[PDB]
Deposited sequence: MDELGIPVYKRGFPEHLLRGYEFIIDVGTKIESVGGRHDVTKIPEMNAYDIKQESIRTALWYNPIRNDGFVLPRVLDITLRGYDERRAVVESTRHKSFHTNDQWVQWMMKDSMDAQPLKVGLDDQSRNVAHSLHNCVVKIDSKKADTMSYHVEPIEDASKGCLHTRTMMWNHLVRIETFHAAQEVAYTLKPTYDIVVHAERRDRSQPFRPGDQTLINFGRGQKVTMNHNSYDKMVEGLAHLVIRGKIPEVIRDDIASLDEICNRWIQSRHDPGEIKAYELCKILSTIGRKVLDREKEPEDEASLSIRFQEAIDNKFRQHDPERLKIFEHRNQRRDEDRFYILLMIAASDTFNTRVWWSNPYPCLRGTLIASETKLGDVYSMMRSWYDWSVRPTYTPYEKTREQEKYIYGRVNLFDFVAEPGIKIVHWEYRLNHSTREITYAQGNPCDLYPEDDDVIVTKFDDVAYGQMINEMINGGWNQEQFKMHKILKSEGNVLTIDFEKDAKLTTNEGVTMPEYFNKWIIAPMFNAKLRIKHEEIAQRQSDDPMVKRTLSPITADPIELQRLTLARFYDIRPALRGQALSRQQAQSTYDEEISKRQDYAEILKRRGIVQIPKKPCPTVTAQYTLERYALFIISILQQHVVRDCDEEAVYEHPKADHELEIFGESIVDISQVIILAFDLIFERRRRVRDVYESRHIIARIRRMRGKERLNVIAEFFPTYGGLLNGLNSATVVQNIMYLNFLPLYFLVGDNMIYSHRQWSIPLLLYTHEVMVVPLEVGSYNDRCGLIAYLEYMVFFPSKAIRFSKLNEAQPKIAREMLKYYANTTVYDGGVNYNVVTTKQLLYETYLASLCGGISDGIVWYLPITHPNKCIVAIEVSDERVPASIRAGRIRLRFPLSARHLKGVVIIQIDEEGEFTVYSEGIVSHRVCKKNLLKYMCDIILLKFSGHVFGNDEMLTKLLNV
C-alpha cells in the first residue's frame, strides 16, 4: 500500500537478502559494450528476447525457439479498453450488469504484431523471473510479471530523417510485399537449362544468362474519360506474339459459372488463353528441348516480345550479359537491362512467374552496426519523392533515408495510387473531353487526418472515399477490426456488415437485382479488396482464383488467381487488372442477358468466399517486431535497451503506473512519451511513469511523471549495501488484492 521501494545493487550484495522486495535491479551482471554501441550480438547468449544470429531475411521467416513464450506489449491496453467499453444491459431486477465485448478482445489479442518472445532467467529457489538487459538484470516478483516486456528503441538519427515510431509500419510493409527489391527470373545450364535465382547467383559480370525482360505493356496511357483505358486485345504491332482469349474455353467457363456458381478451385486463368502462346503456361526449363536432332532448339518466342494485353504485360526472353556481379543487398540490379526499381511498379507486375523479390534488407540480424541496403536511397531518387514525402509531414529531406522514411513514402504513394486507380470504376460526372494520364497517383489528393499506416486503413479508405465520400482515414485498430469483421461473417450477413460500415456502397450492391446498365455491375470489382491483403494472413490455398471483370470492349469475367502464379500475397494478385475501366458507352451498355446472372454469381461467390483463411504461423509472423527494432538500431542507432512493466493502482481510481528500467542513451522524458505510445486506445488510464535509467557504469538515475514520486536512498544491512529507489504514490492505496490478475482476466 501507498509506496513500494526497488533496491538496485551491484555484486556482491547477497540478494539471498533482497527477496522481500517485489522488483529488483541487479546492476550487477552487465553486458560489456563494444564501443560505443552496446552490442546486440550477445542477445542470443544473454536472456534476452530470442533472435537467432542470421542473414536478416532469414531472420524474418524464423521460428523462434529460444524463448519461454510470448508477452504482448499491449495486452494491458487491450483489456483496459476492453473493460472501459463494456455494454450495460438491464437485468431481471432493474440493475445494470456489464458485459465485456469479449470477442473483440480475443480478436484484438491475436492479430497483434507486437508480440515478443522472451527467454526469462527463471530460478526455482525464488519467485522472481529475471530479465537480462544490457546494463542490469531486472527481476520481477512473479505476481507483477505478466505485463513485463521490452521497450527497445533504435536511436532516431536526424540526418537520415528517422522517425522510429513507424517501425511497426515498416514491418507491416514487408509483410504485404511492398518493401521488396526485384529481379527477373534467369536460366543457365545446370532437358538443358534450369532456373537460377539472381539474388545469389555468384557469377562475375561478363557471363551470359537467359532472362525474362518484363515491362508494362505501357504504364500510363493518355486517356480521356469517354474512353476508358479499356484493355484492347488487338495491339497492332508487327512480329510480336499477342495472347488471345480462347472463345470456346471462355464460353464453357461462363456457362459452368452461370449454372454451378463460381468455381474457385477448377476455373483457371491459363485455361482460357489460346496456347500459342499464352503467358501462364509457357515455361523455359520445359520448352528448350534436348532434343534428338540436331539439338539446342529454343522455343518459338525466344527473342520476340509477346505482348499480353490482359495483363498489361510485355515480357520476352533473351540472352543477356549480367553486371555488378553478386552482392548481399538487393536492390543491386543484377544485369544490364534489369527490372524496375519503383515499388508501386512492382505492385503492377501481376504475372509473378517472371521475377523474384526478396525484402530489401541487408546483412546480419544482430549487428551492432552495419551499412544499410541501398534500396532506401534508391527509392529516394524517384521522381515524386519530395512531393509525396511532404504529405507525410517530412519537409525535405534525408540524403540517406532511414527505412522508415521510405516506408512512409511507399505506403503513402501506394495509397494514392490505389485510389487514383479505383476512382475510375465509380461514375464521375465531369467533362469527358479532358485528357489526363491515367494510372498516375494524385499527391494533391485531399485525404485527412489519421496518418496512413496499414493497408487495411487504405482499404477502409478506398471504400470510405470512393463510396461514402467520407474523405477521412480511420485509426489503424478501427480498420483492422472493420476488415476482420467483414471476413468474420459469411453469406448474407457479410453483406450486412458491409453496408453497415459503408452504407451507400453495400446499399448499392445489395441492390444489384435491379442493375440495368453495366455501371451497376461495375461495383462488384471492389469486393476482392477485403479478402486480398493484410500483414498477417495467407491464402487458404494460392492457385484458387477469384472472379473479376476486366474491361476489354465487351466486359469479360476473368478468374484472377490469388495469387499470383507465384504464391505471393496479396494485392498484386488483383490490383493491376483494375487499372482497366470501360469507355463511357460500354459503361452504360444496358447489360445483356448473361451479365446480370454472372454478376449475381460473382457477388454471391464473394458473399461467402473464405479465400483469406488459410492458417498462418502466428508464432513466426507476429513475433518479429523486436527483430526490426534492433536491426534498424544497427542501421542508424544504435539500440537502447529497456523493459517496462505496469503496476496496477486500485484506490481511489483504478489506474496503471508504468515502471521502466533502461539504458542511459535516449533521454528519460522522450522515453516516457514513447511509453505512453503502448496505449493506443487507453492512454488515459496510465496515470504516472517511473523510468529508472541505469548507466553503463552501473550509475542509475530515476525520473517520474504524475501520481508517482521517487526518492532515492541507501540501505545498509551491515557491510552489504545498496540504493533503494523509494516510490511514493501520495494519496493512492495500491496493495493487497489480485488487482493485476483481475485487470488482465477481463
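Not built in the structure, per the record, is the single deposited stretch 191 to 405.
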